[PDB]
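Chains as they are written, first to last, in full-length UniProt numbering: chain A, 4 to 234; chain B, 4 to 234.
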C-alpha cells in the first residue's frame, strides 16, 4: 500500500519489477531478437521466480496484517499448480512446433500426429510422477507405479541403448577405419567399411550392396581386418 | 447462515457457486455441446474442487462453532472415499462405452466381455495401489505387493514393448524405405518392404506372400539392402 507497507514487505516487489524489465529486454532477446528452446526455459524460470515472489508477498501480507481465512497451504498448492500449468503449456507448444517441423520436412500426417501424441503422453506421465506430491497421493503407490514403469522401460529399451553405447565406444576406440576390408568368424559382416555411425555401421559388401551392422555386435564378436594384412 | 457466518467462512461458497456455473456452461460445453474423455476429466476435477471446498467449509464450521463430535479425520476419509467412488464410476462408464464401441465394430461378444472385465480388474488394482492410504494399510505390505506385481508385469511385457520401441527407432532412423528389397544373413526376412508399422514390418516375399517381421529384429541383426545396389 503505502511506504510503511513496502518497508514491511522488505524488497520483493523490486524483484518483480526487475523480472518485468528482464522480460521486456528479452522481448528484444538481447543480442538478437528470436525465440526457441532456451527462450522458453528462461521465460519459465522468470515466471517461477515471479510466482515465488508473489507467494512470499501474500504470505507476509496475511502474517503482518489480518489473517482472515486464506490458509497459505492452498496458496502454495495453487502457485505450484500454476507453475505446472505453464510448464505443460510450454512443453505442448514445443512439441507442436516439433510436429510442424516434421510435417514441413515431409512425412505421413498420421505418423507425425501419432508421434506427437506419444510425446504428449510421455510428458504427462513424467510430470505426474515428478510433481505428484503437491496434489499427489501415496508415497508407496507412486514409488511402486514408477518402479514398475521404469523396470519395464529399462528392460525393453536395452538393445537400442546398447547400440548407442557401442557407437560411443567405437568413436573413442575403433579397431578399423573407413575403407578397411573387415571380417568376422562369428557373424557375416564381410565387406569394406563405408560409414561409422552412432547406431549402425554401413559396410559395402563385395557384390556392391550396403549392409547395416548394429554397433553392439562389435562389442561381443572377434573382428578380423584383412585390410591391414602384411602378406 | 447469516452474513456474519459468511464473513467467518471467507470465500468458499463463492467457489462452489462458480463451479456450479461452470458445470451449467459445460452442459453446453462451450464451443460445442458434446461429451467424451476430457469432459469426464473436467467434471471429475470440478467435483474434487467442490468436495474440497465443502470439506474446508465443514472444518471451519466445526472449528469456530460448537465442536460437537465430528472428528474431521473421518470427514477427510469420507471426502476421499467419495472422490474415489466417483472416479471408479467414471472409469467404469468409460470402459463400458469402449465395450459398446467394440461390439458395434463387430467382434465376438464373449471376447469383448472378457476384455472389459480385464480392464475392470486392472483399474481396480491400480486404484487400490494408488489410493491405498486413506483407507489403506501397511506401507511395507503395499510396497511388497506392488513390487512383486510390477516385477512380474515388467518381465512379462518385455517383448511387446521392445517391438514398439524398435518401431519408434525405425520411425526416426530407418535403413530402408517402402519398395526396397532387403535381406539378412542372420534371419529369413527376404522380400520387398511393403509397410512399416509401430509393431511389425510387412514385407512382400518373392512368391507374392505377406510376411510380418517383428520390429525388434531390426535392432539386433544385420540388414542388407540389395534394392540399393550399384552393380
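Backbone N, C-alpha and C define an ideal beta-carbon position, used for all residues, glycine too.
Item to complete: Using a threshold of 8 Å, state whether the C-beta atoms of residue 169 of chain B and residue 218 of chain B are closer than that.
Response: Yes. Within cutoff.
Discussion item. List, in chain order, every chain B residue whose beta-carbon is nearer than 9 Å to that of residue 154 of chain A.
Written reply: Against chain B, the beta carbon of residue 154 of chain A has neighbours under 9 Å at 153, 154, 156, 157 and 158, listed in chain order.
Worksheet item: Going straight from the alpha carbon of residue 91 of chain A to that of residue 209 of chain B, what length do you get?
Response: One Cα belongs to residue 91 of chain A, the other to residue 209 of chain B, and the distance between them is close to 50 Å.
Worksheet item: Since residue 112 of chain A meets chain B, which of its residues come closer than 7 Å, beta carbon to beta carbon?
Response: Within chain B, no residue comes near residue 112 of chain A; the closest Cβ sits about 14 Å away, beyond 7 Å.
Item to complete: State the CB to CB distance for the pair residue 185 of chain A and residue 227 of chain A, rounded to an integer number of angstroms; the pair is presumed to be in contact (CB under 8 Å).
Response: In this structure, residue 185 of chain A and residue 227 of chain A form a Cβ contact; the two beta carbons are roughly 7 Å apart against a cut-off of 8 Å.
Discussion item. On the CB-based measure, 16 or more other CB atoms within 10 Å of its CB, does residue 180 of chain B come out buried or exposed?
Written reply: Classification of residue 180 of chain B: exposed, given that the 10 Å Cβ count is below 16.
Worksheet item: Can you name, in chain order, every residue of its own chain whose Cβ lies under 7 Å from the Cβ of residue 138 of chain B, other than the five neighbours on each side?
Response: Short of 7 Å from the beta carbon of residue 138 of chain B, and not among the five residues preceding or following it, lie these beta carbons of its own chain, in chain order: 80 and 84.
Practice prompt. Residues of the stretch 180 to 207 of chain A with a CB closer than 8 Å to any CB of chain B: list them in chain order, please.
Written response: Close to chain B, meaning a Cβ-Cβ distance shorter than 8 Å, are the following residues of the stretch 180 to 207 of chain A: 190, 191, 192, 202 and 203.
Worksheet entry | Near-chain E residues of the stretch 51 to 84 of chain A (beta-carbon distance less than 9 Å), N- to C-terminal order | Reference to chain E is not applicable here, since the protein chains of this structure are A and B.
Worksheet item: Taking a cut of 8 Å between CB atoms, which residues from the stretch 215 to 228 of chain A lie near chain B?
Response: Correct list: 215, 216, 217, 219 and 220.
Worksheet item: Within the 8 Å Cβ cut-off, does residue 150 of chain B reach chain A?
Response: Flagged as an interface residue toward chain A: residue 150 of chain B, by a C-beta distance shorter than 8 Å.
Worksheet item: Can you tell me whether DSSP reads residue 178 of chain B as helix, strand or coil?
Response: If DSSP states are grouped into helix, strand and coil, residue 178 of chain B belongs with coil.
Discussion item. Our contact map puts residue 15 of chain B next to residue 56 of chain B with C-beta atoms below 8 Å; I'd like the distance itself, whole angstroms only.
Written reply: The pair is a contact, with the Cβ atoms about 5 Å apart (cut-off 8 Å).
Worksheet entry | Distance CB(residue 230 of chain A)-CB(residue 183 of chain A) smaller than 8 Å | Remark: C-beta atoms of residue 230 of chain A and residue 183 of chain A approach each other more closely than 8 Å.
Fill in: C-beta neighbour in chain B for residue 172 of chain A, strict 8 Å
Closer than 8 Å: no.
Practice prompt. Helix, strand or coil for residue 224 of chain B, going by three-state DSSP, please let me know.
Written response: Reduced to three states, the DSSP call for residue 224 of chain B is coil.
Practice prompt. Using 7 Å as the cut-off, classify the Cβ of residue 31 of chain B as near or not near the heavy atoms of ligand 1, replying yes or no.
Written response: Among the components modelled here there is no ligand, and therefore nothing to report on ligand 1.
Item to complete: Can you tell me the Cβ-Cβ gap for residue 147 of chain A and residue 153 of chain B, rounded? I've got them flagged as a contact below 8 Å.
Response: Indeed, because the Cβ distance is near 6 Å, the residues count as touching under 8 Å.
Worksheet item: At what residues does the beta strand (DSSP E) containing residue 195 of chain B begin and finish?
Response: Run containing residue 195 of chain B: 194 to 199, per the beta strand (DSSP E) assignment.
Practice prompt. Kindly indicate the opening and closing residues of the alpha helix (DSSP H) around residue 215 of chain A.
Written response: Here residue 215 of chain A belongs to no alpha helix (DSSP H); instead the beta strand (DSSP E) covers 213 to 217.
Discussion item. Using a 10 Å radius around the Cβ and a threshold of 16 neighbouring Cβ atoms, would you call residue 163 of chain A buried or exposed?
Written reply: It is buried - the Cβ of residue 163 of chain A has at least 16 other Cβ atoms within 10 Å.
Fill in: residue 126 of chain A and residue 94 of chain A closer than 8 Å at C-beta
In this structure, residue 94 of chain A lies closer than 8 Å to residue 126 of chain A by Cβ.
Discussion item. Which same chain residues end up closer than 8 Å to residue 213 of chain B when comparing Cβ atoms and leaving out the 5 residues on each side of it in sequence?
Written reply: Correct list, in chain order: 197, 205, 206 and 207.
Worksheet item: Any idea which residues DSSP pairs residue 190 of chain A with across the strands?
Response: In the DSSP assignment, residue 190 of chain A forms no beta bridge with any residue.
Discussion item. By the three-class DSSP mapping on this structure, what secondary structure does residue 113 of chain A have?
Written reply: Of the three classes helix, strand and coil, the one that applies to residue 113 of chain A here is helix, per DSSP.
Worksheet item: So, using beta-carbon positions, are residue 89 of chain B and residue 63 of chain B closer together than 8 Å?
Response: No, Cβ-Cβ distance for residue 89 of chain B and residue 63 of chain B is not below 8 Å.
Worksheet item: Can you tell me whether DSSP reads residue 108 of chain B as helix, strand or coil?
Response: Helix.
Worksheet item: Checking contacts by CB at 8 Å: is residue 47 of chain B closer than that to chain A?
Response: Look at residue 47 of chain B: its C-beta is not under 8 Å from any C-beta on chain A.
Discussion item. Rounded to the nearest angstrom, what separates residue 39 of chain B and residue 27 of chain B at their Cα positions?
Written reply: The alpha-carbon separation between residue 39 of chain B and residue 27 of chain B amounts to approximately 17 Å.
Discussion item. In the DSSP output, which residue or residues are listed as bridge partners for residue 184 of chain A?
Written reply: In the DSSP output, where bridge partners are listed per residue, residue 184 of chain A has A:195.
Worksheet item: Which residue comes first and which comes last in the alpha helix (DSSP H) that contains residue 7 of chain A?
Response: Residues 6 to 11.
Practice prompt. Would you tell me roughly how many angstroms separate the C-alpha atoms of residue 116 of chain A and residue 60 of chain A, rounded to the nearest one?
Written response: When rounded, the distance between both Cα atoms is 43 Å.
Item to complete: Check whether the Cβ atoms of residue 87 of chain A and residue 130 of chain A lie closer than 8 Å to each other.
Response: Using a Cβ distance threshold of 8 Å, residue 87 of chain A and residue 130 of chain A count as a contacting pair.
Worksheet item: Nearest-angstrom Cα distance between residue 65 of chain B and residue 48 of chain B?
Response: C-alpha separation (whole angstroms): 26 Å.
Worksheet item: Could one say the Cβ of residue 120 of chain A lies closer than 8 Å to chain B's Cβ atoms, at least one of them?
Response: By this cut-off, residue 120 of chain A is not an interface position.
Practice prompt. Please confirm if residue 33 of chain B has its CB atom under 8 Å from at least one CB of chain A.
Written response: So, not an interface residue.
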